[PDB]
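Questions regarding the structure given below will be posed in turn.
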Amino acid sequence: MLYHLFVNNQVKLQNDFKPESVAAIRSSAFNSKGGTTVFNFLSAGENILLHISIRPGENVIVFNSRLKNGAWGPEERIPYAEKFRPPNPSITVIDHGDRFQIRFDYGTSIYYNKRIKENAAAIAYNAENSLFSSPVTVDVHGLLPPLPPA
Amino acid sequence: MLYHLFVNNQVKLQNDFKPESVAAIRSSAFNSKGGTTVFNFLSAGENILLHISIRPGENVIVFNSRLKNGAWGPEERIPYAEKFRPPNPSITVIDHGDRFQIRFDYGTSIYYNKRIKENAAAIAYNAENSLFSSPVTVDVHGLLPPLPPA
Amino acid sequence: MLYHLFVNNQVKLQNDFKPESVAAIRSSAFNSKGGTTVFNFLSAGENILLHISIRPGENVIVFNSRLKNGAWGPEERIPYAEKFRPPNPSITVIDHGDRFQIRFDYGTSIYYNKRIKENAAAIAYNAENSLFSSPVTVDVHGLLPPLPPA
Amino acid sequence: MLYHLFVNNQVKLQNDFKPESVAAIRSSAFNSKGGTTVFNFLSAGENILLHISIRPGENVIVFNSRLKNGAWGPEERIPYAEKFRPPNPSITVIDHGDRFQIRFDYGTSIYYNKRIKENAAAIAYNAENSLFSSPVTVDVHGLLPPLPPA
């Protein structure tokens, strides 16, 4: 399922993002002088199951979760440097039931254990000066599709 | 190369759309009550090398070419009915040197012999009430990439 | 990297099968009257890191591990029915660092926690009357490749 | 549809190879000291619709056709060098109705106009000391499948 997620907006998924689901996010650009850029996977109750905060200024990418009107939990971080590949950087999120797997363009995957047991009904995108294009292309799979040789 | 082509706009290709090039256009929607929708491949001189006019009202898809300030040549047509697949219809254009190959979601390909010998520097998208989403996702390949099993 | 793995034989991998690695096994056939068919991921020292025993007669698929000539550990099994899709059934294995994700044609993925801290140097295929073809096509990725829209 | 085509043998296709059809041939190896390696697309009556003779010693790749026990027609050749990429070289053939498009790992496509109005029922592979592996992996599509972004 193809979606066009605009900056400071969200897309309501036709089907819940649940175990086995795959979300491939791709940008048509990389604004080197962009600021903090966020992607959230929200439950129907608007809980933030997965919060991805890309902070080039802090040279870090932050992961977290929180209830609609609840506090954040302890953050999980990794260096921002050399993770994305210009000019079409991407982010891939896979739901493995008990945890999310996040892959950027380079390096090893990031594994984030779930903290809220619900599926996502929407994906939101936030930024004052996005590191990426608006909108971003988002292909959501109900399962991993057949792979090409390379 | 990923591009986001907005309705009534165009995208300047980083590389010329020439022989071997592949353009996969995908929409995140299908507005059943949409009107005539056009896609043009333009040379740097703004010549319309390939004109694709989707006319649901006329139940036809028209192909043509013309110089920046020149007249159209004789049209090439095919029925519009059962060509696209909702909700994410697509159009694929491949440059085979002496002719373009156009594939929609269903049916056989359409072959349009070239009438202007130039490569394309841009792709334009026109519609008052687009049949597709705005923008549309466009992946341009310099050559056919490795294929998946299915 | 493409390999052709013959029944009762094995392929020596060019690079170690480790975290991020993906093995897409595909058969050119499905022999209905076939018997127990096995696939093993072996370490350099020949430890069976991951054992997949497909048993049609017992209607189960058994997952296990064991050192070279050691004792098998507790078996992790699932029902065999409605897992493979003919005529080209497939098996996809992904190394996630602390566990393996195994995917068949139907159903949800299977997760098998690692038990031996070593990477796989080879993949073996055993069967007296294989459920699949000989050889089977095997594409091994060092990391998940770009995905098609569908 | 996946097939395993062995050297000096052939695969009988499930469906005819006709317009829109795509055959992605891939080898799990590249034998440098190999000799003339051939691939033929045969009609039901065994006419050689498309003959691809890869000759390293003559530094050319020869394209031709001929009825079952008939005379070969004029040869269409190109240089052999810098066409295949080891260790997994490939050959992709697409039927475009009035001609075939042949793609190797490097260079531009080769276009071969049809000479015998019949579809192919089988694909044969001949070689005394093959440049490729035995078998070679062959995925045949009834039409171009969705493409990955890269």
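Labels for the chains are A, B, C and D, by order of writing; each one numbers its residues from 1.
By definition in this document, a contact is a pair of C-beta atoms (placed from the backbone, for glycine too) under 8 Å apart; a residue touches a chain by one contact, two chains touch by 3 or more.
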| item | value |
| --- | --- |
| Pair exhibiting more inter-chain C-beta contacts, C-D or A-D | C-D |
| Which listed pair, B-C, B-D or C-D, duplicates the contacts of A-B in over half of its pairs | C-D |
| Computed distance of Cα centres, chain C from chain A, in Å | 30 |
| Centroid distance [mean C-alpha coordinates] between chain D and chain C, Å | 31 |
| Averaged-CA centre spacing for the pair chain D and chain A, given as whole angstrom | 42 |
| Where chain C touches two or more other chains at once, by residue number | 2, 26, 88, 145-150 |
| In the complex, chain D residues that touch chain B | 2, 19-20, 22, 24, 92, 96-97, 101, 103, 108-109, 111, 139, 141, 143-150 |
| Residue ranges of chain A touching chain D (in the complex, touch as defined) | 26, 88, 90, 148-149 |
| Complex contact set, residues of chain A against chain B | 1-4, 14, 26-28, 87-88, 133, 135, 137, 145-150 |
